[PDB]
Amino acid sequence: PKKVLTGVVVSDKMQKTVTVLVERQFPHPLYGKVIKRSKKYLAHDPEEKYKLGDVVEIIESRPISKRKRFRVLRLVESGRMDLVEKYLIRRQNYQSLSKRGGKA
Amino acid sequence: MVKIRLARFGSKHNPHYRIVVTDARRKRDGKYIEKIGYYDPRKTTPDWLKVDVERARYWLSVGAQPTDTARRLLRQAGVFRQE
Amino acid sequence: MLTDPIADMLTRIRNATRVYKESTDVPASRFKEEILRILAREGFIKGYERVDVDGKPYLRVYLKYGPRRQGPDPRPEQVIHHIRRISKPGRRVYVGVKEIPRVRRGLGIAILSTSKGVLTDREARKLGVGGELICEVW
Amino acid sequence: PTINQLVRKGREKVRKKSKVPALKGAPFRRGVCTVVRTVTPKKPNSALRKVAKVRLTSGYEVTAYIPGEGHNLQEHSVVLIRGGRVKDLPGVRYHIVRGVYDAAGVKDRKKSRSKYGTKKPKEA
Amino acid sequence: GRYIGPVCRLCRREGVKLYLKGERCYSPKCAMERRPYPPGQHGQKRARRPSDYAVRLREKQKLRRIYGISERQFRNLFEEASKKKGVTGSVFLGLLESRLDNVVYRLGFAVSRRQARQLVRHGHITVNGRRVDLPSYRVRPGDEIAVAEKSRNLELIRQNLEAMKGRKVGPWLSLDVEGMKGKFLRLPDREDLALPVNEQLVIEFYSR
RNA sequence: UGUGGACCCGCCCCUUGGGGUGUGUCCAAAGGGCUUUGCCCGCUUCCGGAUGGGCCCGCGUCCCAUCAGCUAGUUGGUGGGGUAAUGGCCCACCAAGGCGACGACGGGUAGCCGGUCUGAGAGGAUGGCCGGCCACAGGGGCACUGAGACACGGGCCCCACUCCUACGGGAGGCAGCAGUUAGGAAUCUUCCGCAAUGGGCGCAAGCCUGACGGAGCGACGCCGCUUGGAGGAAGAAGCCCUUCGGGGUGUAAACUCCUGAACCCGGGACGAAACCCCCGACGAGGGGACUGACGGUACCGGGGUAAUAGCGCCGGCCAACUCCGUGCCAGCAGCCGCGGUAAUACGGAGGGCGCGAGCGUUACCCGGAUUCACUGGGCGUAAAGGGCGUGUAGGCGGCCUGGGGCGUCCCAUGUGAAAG
Ligand SMILES: [Mg+2]
Ligand SMILES: [Mg+2]
Ligand SMILES: [Mg+2]
Ligand SMILES: [Mg+2]
Ligand SMILES: [Mg+2]
Ligand SMILES: [Mg+2]
Ligand SMILES: [Mg+2]
Ligand SMILES: [Mg+2]
Ligand SMILES: [Mg+2]
Ligand SMILES: [Mg+2]
Ligand SMILES: [Mg+2]
Ligand SMILES: [Mg+2]
Ligand SMILES: [Mg+2]
Ligand SMILES: [Mg+2]
Ligand SMILES: [Mg+2]
Ligand SMILES: [Mg+2]
Ligand SMILES: [Mg+2]
Ligand SMILES: [Mg+2]
Ligand SMILES: [Mg+2]
Ligand SMILES: [Mg+2]
Ligand SMILES: [Mg+2]
Ligand SMILES: [Mg+2]
Ligand SMILES: [Mg+2]
Ligand SMILES: [Mg+2]
Ligand SMILES: [Mg+2]
Ligand SMILES: [Mg+2]
Ligand SMILES: [Mg+2]
Ligand SMILES: [Mg+2]
Ligand SMILES: [Mg+2]
Ligand SMILES: [Mg+2]
Ligand SMILES: [Mg+2]
Ligand SMILES: [Mg+2]
Ligand SMILES: [Mg+2]
Ligand SMILES: [Mg+2]
Ligand SMILES: [Mg+2]
Ligand SMILES: [Mg+2]
Ligand SMILES: [Mg+2]
Ligand SMILES: [Mg+2]
Ligand SMILES: [Mg+2]
Ligand SMILES: [Mg+2]
Ligand SMILES: [Mg+2]
Ligand SMILES: [Mg+2]
Ligand SMILES: [Mg+2]
Ligand SMILES: [Mg+2]
Ligand SMILES: [Mg+2]
Ligand SMILES: [Zn+2]
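In the PDB header, X-ray crystallography is given as the technique by which the entry was determined, and 3.298 Å as its resolution.

This is the structure:
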């Protein structure tokens, strides 16, 4: 079966492509506690239909470009920028960790 | 093509072949598609040839070619007996 | 705010027994309740009860010990010698029905929550289920 | 440390330091004597110990010890070495195999002959 | 046979008669009678508390010298009996006791195992009427161990089965004195073996 | 010629480029042999199968954060090129994206796996024979031919190296089998055979095959086997102790009898029955003929000789003690430690212990080591609480009810090749 993943659109910044963030809980091999971990998929949105913060199912599919091998299947749950802002702060923090620091 | 033939499996001076179906291009003792029988040419035990004529015939029915002895062994375990 | 309330209860108990109290209040929750039910069945506690210490609901647990002994230090033998949390928050511990613990060669229980309810090690073995290994008691 | 800590960092596997850089891993290494010296031992032991600064095929100049009653090594003796602390002489970490190349088997030995490399004495 | 060398010095070291030579070990001439101390210079000096380790060593040697097996040969037998299903102490004995060399000894074809090891390497012995010239061949139960038709009368085997007329042979073996046949009926049980050795100790030694 | 197939447009079902359909266009072929009208071997197109492959995706896959920022075909879009096929694979134009503390980028190391060693296990270590995949063929690029290659024993070019050279110009590529040389502690025959198994071509006869089947060398490993067996003194001789009475090596030896490795003689294999040919029909089936490198080996039978034993250890750990010699020397030593004139620790001897065609040493891996602790550890003084706060991400989260069912649990099922 073509793998189907469910995630959150965190990018509209391209044409006919949305970036989906897909989490996955699983117990850790050695230490056992259940760890989150998540990966961004570039997904194909030909209609620029899905918006920033939509929750979408994504489907394994024939290549559309480098990076793009999934197309956006159905809409699951409409808007929610909580997950986005979450992901947004995550990336913003990167500003601090380097050789310098201050007021981000 | 794809062959029915013997693969060597005994030891030095102690030969036992496996009657196997394989792409003719593998090494003789390499990964095969399917074993369908075995063969001790020394007749050391009373059970020294075994085949399974159903699979033997299946493969034939899709034009696996037997070797000049696989066909020989096959025959002897009545693969080709049609009466 | 108690981080793990199942463990606070397993402990409250352990602390009470170790100084031979009569009974002890643990704040109420169906789940805690669901557990004590088992402790009773297997005889580790005389019983539990839904008392009400000032407005909010507790579970009076009544403890059971041994008889008095002879020698220096008479203090009776605990019926609950040992009672420990197996699965804790930030390290959950689930076992399949094939790997449910044999506790003390069975002179003791292990309590696991399953989709068929809170059960003992032998209870889940019959029913043919695993779940979340909550604690061993023996 | 917390489980979560052991998740973030981990444990840390250990590392073996070779008590003998006879390179290549090898069980023996050939070399050439550049100094046959004598060394004073330590702590609670006095004597005159036989030693040889040896230039190895492994491109290593190391000091190796010369076991046995007495030797025959000179400042150009090709020699085969083999690893072994001499407890007393600190910084002496290999032995010279006796009976290989220029170094000769200990003469007139009857007891532990394979160490010291001396042939079975004849009898008829 | 194997080992090869003064044997009664072993009788002496283990402090027990081991009977590594048939005749004579029933005479008043085995050294253990009227010389029962260890061999060598310090034989007659008093002893010291042998270590835990020491005890397990000798107890092994005692067993292992009784059969004249090597040790790589012996260790393999014990290792197999270890892996093997069932109680490893008793099973080990059964494997030792199933060796053709010793089965020949037991049936009194030979007066001792050393001699029995010869009778075998020299093909005087048949198993199921076919010559087996291997002292460590394993006799399974049902097998019939005979003297070889054309051996069946050397000065030695004649005189040796002559004594076997009217002597009793172990519960787990039946012997025929006439046709010089003989059978392995069942793997001997631990109790059957009256071995001067605590086979348990032996197990401790190999698990050091 | 159009069975059929390809392509453009339209309609139909399907749902990504799947399957049908109607015009229009476009596309086939090879001959050979005969015991010659009748079969054998070939050819063409299409559909289907079998095998073998391409590509794409989820998850897994070492160390350094004393590498923290990275990217411009970069990230996406449209159109085209290319391919068997998707795709920034390549190209033009447009948009300004993409990745990173869940470790990007960089640096180091490394073929991966089935498996192997160890471990009670969880783990740790490894990827050597064998089998699977990958990558490579003196170093670097590149295409051509073809079902397939960017092609080890095909082509082109540049580079480094060797050899021929008439000075212009050529020829090579053992990481195929043997073999030589160099390096190294160290690693084999320039062997026999296509008899078997397998491969290529051939209608077959057959040809080719350093694949392969065997032999050779090396105690390198595993297993098996011998150097004898039974008798034999109050107990030789020599050697060694001693309280000078003795005690030890020691049933050991001698010697008596018995068996008979080696060695000689004779018989002598299995692996091989197919291809082929005859009858039947060139099918099923039956009949016959040929063929063995190993090898006069294995195995059998007759004859027959008492016929190699080493190596390490003996203070404690650790099985095994006595004399002499040496004098903080000579030396031993895995760790503790021995030797300074009575050394069971050095060297010899007698004796003893352990293994035994091997015994030791060195090297390395796991173990013991709960000594990186998930199982399974710690931080007042043993090493370990951050000088203190505020707070980001992250981790964690009271009581009651309901929905979902992501974790978790259960059943059925597919997969988990062979070898191990
Ligand atoms: Mg020594
Ligand atoms: Mg047409
Ligand atoms: Mg369509
Ligand atoms: Mg169409
Ligand atoms: Mg048409
Ligand atoms: Mg035409
Ligand atoms: Mg014609
Ligand atoms: Mg296919
Ligand atoms: Mg651009
Ligand atoms: Mg494009
Ligand atoms: Mg940028
Ligand atoms: Mg490499
Ligand atoms: Mg462990
Ligand atoms: Mg490999
Ligand atoms: Mg080269
Ligand atoms: Mg070549
Ligand atoms: Mg050449
Ligand atoms: Mg060299
Ligand atoms: Mg051939
Ligand atoms: Mg062939
Ligand atoms: Mg004798
Ligand atoms: Mg004779
Ligand atoms: Mg004879
Ligand atoms: Mg032929
Ligand atoms: Mg005919
Ligand atoms: Mg026929
Ligand atoms: Mg003799
Ligand atoms: Mg001792
Ligand atoms: Mg001196
Ligand atoms: Mg060492
Ligand atoms: Mg002295
Ligand atoms: Mg002194
Ligand atoms: Mg000494
Ligand atoms: Mg010592
Ligand atoms: Mg460990
Ligand atoms: Mg500690
Ligand atoms: Mg401190
Ligand atoms: Mg503080
Ligand atoms: Mg401080
Ligand atoms: Mg927070
Ligand atoms: Mg909660
Ligand atoms: Mg939460
Ligand atoms: Mg619910
Ligand atoms: Mg679920
Ligand atoms: Mg398998
Ligand atoms: Zn005796």
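Trainee: Would you mind going over the interface of chain D and chain A in detail, with residue names and values included?
Mentor: Taken residue by residue, the interface counts five residues in chain D and four residues in chain A. Summed over both partners, the interface of chain D with chain A comes to about 430 Å²; 72% of that surface belongs to carbon and sulfur atoms. Counting the contacts that link chain D with chain A gives zero salt bridges. Our count for the contact surface shared by chain D and chain A stands at one residue pair in polar contact.

Trainee: Go over a positive patch on the surface, please, and point to the residues and values.
Mentor: Residues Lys40(A), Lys66(A), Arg67(A), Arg90(A) and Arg91(A) make up a contiguous surface patch of positive charge. Among the secondary structure elements, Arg91(A) is positioned in helix α1 (residues 81–92).

Trainee: Let's hear about the domain arrangement of chain C: which residues, and what values?
Mentor: All names here are of chain C. Annotation of chain C at the domain level lists domain 1 (3–80) and domain 2 (81–138). Centre-to-centre, using C-alpha coordinates, domain 1 lies 19 Å away from domain 2. On the side of domain 2, 19 residues touch domain 1, which itself brings 20 residues to the contact. Of the roughly 1500 Å² buried between domain 1 and domain 2, counting both surfaces, carbon and sulfur atoms make up 71%. For the domain 1 face of the interface with domain 2, the top three residues by lost area are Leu10, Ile38 and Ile80, together amounting to 31%. Our enumeration of links across domain 1 and domain 2 arrives at two salt bridges. Its salt-bridge partner being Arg85, residue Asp4 comes within 2.3 Å of it at the nearest N-O pair. Counting the contacts that link domain 1 with domain 2 gives seven residue pairs in polar contact. Elements that contribute at least two residues to the side of domain 1 that touches domain 2 include exactly α1 (5–18) and α2 (30–41). Taken together, the residues that form the side of domain 1 that touches domain 2 break down as eleven nonpolar, two polar and seven charged.

Trainee: So what's going on with the protein's contact with RNA strand F? Which residues, and what values?
Mentor: Looking at RNA strand F, there are 193 residues lining it, with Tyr94(A), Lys3(B), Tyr65(D), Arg9(E) and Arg35(E) nearest. Each atom of RNA strand F within 4 Å of the protein was classed as base or backbone; sugar and phosphate made up 81%. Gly25(D) is positioned such that a nitrogen or oxygen atom in its backbone is 2.8 Å from a sugar or linking oxygen of RNA strand F. A distance of 2.7 Å is found between a sugar or linking oxygen of RNA strand F and a backbone nitrogen or oxygen belonging to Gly1(E). In terms of residue count, helix α2 (residues 52–67) of chain E provides more of the surface near RNA strand F than any other element does, eight residues in total. Considering only residue class, the surface near RNA strand F consists of 63 nonpolar, 47 polar and 83 charged.

Trainee: Could you give an account of helix α3 (residues 72–83) of chain E, naming the residues involved and the relevant values?
Mentor: Residue and element names in this part refer to chain E. The terminal C-alpha atoms of α3 lie 16 Å apart, and with twelve residues this matches the ideal 16 Å at 1.5 Å per residue to within 8%. When we look at burial in α3, the residues that qualify are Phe74, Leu77, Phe78 and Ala81. Angular distribution of buried residues about the axis of α3 spans 95°; they occupy a single face of the element. Along α3, the residues that are exposed and aim more than 90 degrees away from the buried face are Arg72 and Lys83.

Trainee: Which residues make up the domain arrangement of chain E, and what values go with them?
Mentor: Residue and element names in this part refer to chain E. Each assigned domain of chain E is listed here: domain 1 (1–96 + 194–208) and domain 2 (97–193). One C-alpha centre belongs to domain 1, the other to domain 2; they are set 23 Å apart. Both faces considered, domain 1 and domain 2 share a buried interface measuring about 1800 Å² in area, 45% of it formed by carbon and sulfur atoms. Taken together, the connections running from domain 1 to domain 2 amount to two salt bridges. On inspection of domain 1 and its partner domain 2, the count reaches 14 residue pairs in polar contact. Those elements that place two or more of their residues in the side of domain 1 that touches domain 2 are α2, α3 and α4 (88–97). No other element matches α4, which puts five residues into the side of domain 1 that touches domain 2. Among the residues making up the side of domain 1 that touches domain 2, the classes are represented as 14 nonpolar, seven polar and five charged.

Trainee: Report on the pattern of salt bridges, specifying residues and quantitative values.
Mentor: Any two side chains of opposite charge can pair, so long as their charged atoms come close to each other. The tally for this structure, following the rule as stated, stands at 39 salt bridges over all chains. In this structure, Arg25(B) engages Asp23(B) in a salt bridge whose closest nitrogen and oxygen atoms are separated by 3.2 Å. Exposure remark for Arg25(B): the relative accessible area of 74% places this residue in the exposed category. Among the residues examined, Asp23(B) registers a relative accessible area of 25% and is labelled partly exposed. Salt-bridge contacts for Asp143(E) lead to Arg140(E); the nearest nitrogen and oxygen are separated by 3.1 Å. Accessibility expressed as a relative area gives 45% for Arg140(E), which makes it partly exposed. Several salt bridges share partner residues, and in doing so they unite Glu77(A), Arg80(A) and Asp82(A) into one network.

Analysis parameters
Residues numbered from 1 in each chain as written, not as in the entry; some residues may be left out. Chains lettered and ligands numbered in written order. Part of a larger assembly, values for the part shown. Heavy atoms only, no water. Contact = heavy atoms within 4.5 Å. Buried area = accessible area lost by both parts, 1.4 Å probe. Salt bridge = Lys/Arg side-chain N within 4 Å of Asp/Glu carboxyl O. Polar contact = N/O pair within 3.5 Å; in protein donor to acceptor, adjacent residues only side chain to side chain. Patch = residues over 30% accessible without salt bridge, like charges linked within 9 Å, V, L, I, M, F, W, Y side chains within 5 Å. Areas by Shrake-Rupley, 256 points an atom, 1.4 Å probe, with all protein chains shown as cover. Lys, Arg positive; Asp, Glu negative; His and termini not counted. Charge placed at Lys NZ, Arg CZ, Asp CG, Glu CD. Helix = DSSP H or I, 4+ residues; strand = E, 2+ residues; numbered from the N terminus. Domains from an automatic or database assignment. Nonpolar A, V, L, I, M, F, W, Y, C, P; charged D, E, K, R; others polar. Near = heavy atom within 4 Å. Expected span 1.5 Å × (residues − 1). Buried < 20%, exposed > 50% of the residue type's maximum accessible area, 1.4 Å probe, protein only. Arc of directions from axis to C-beta.

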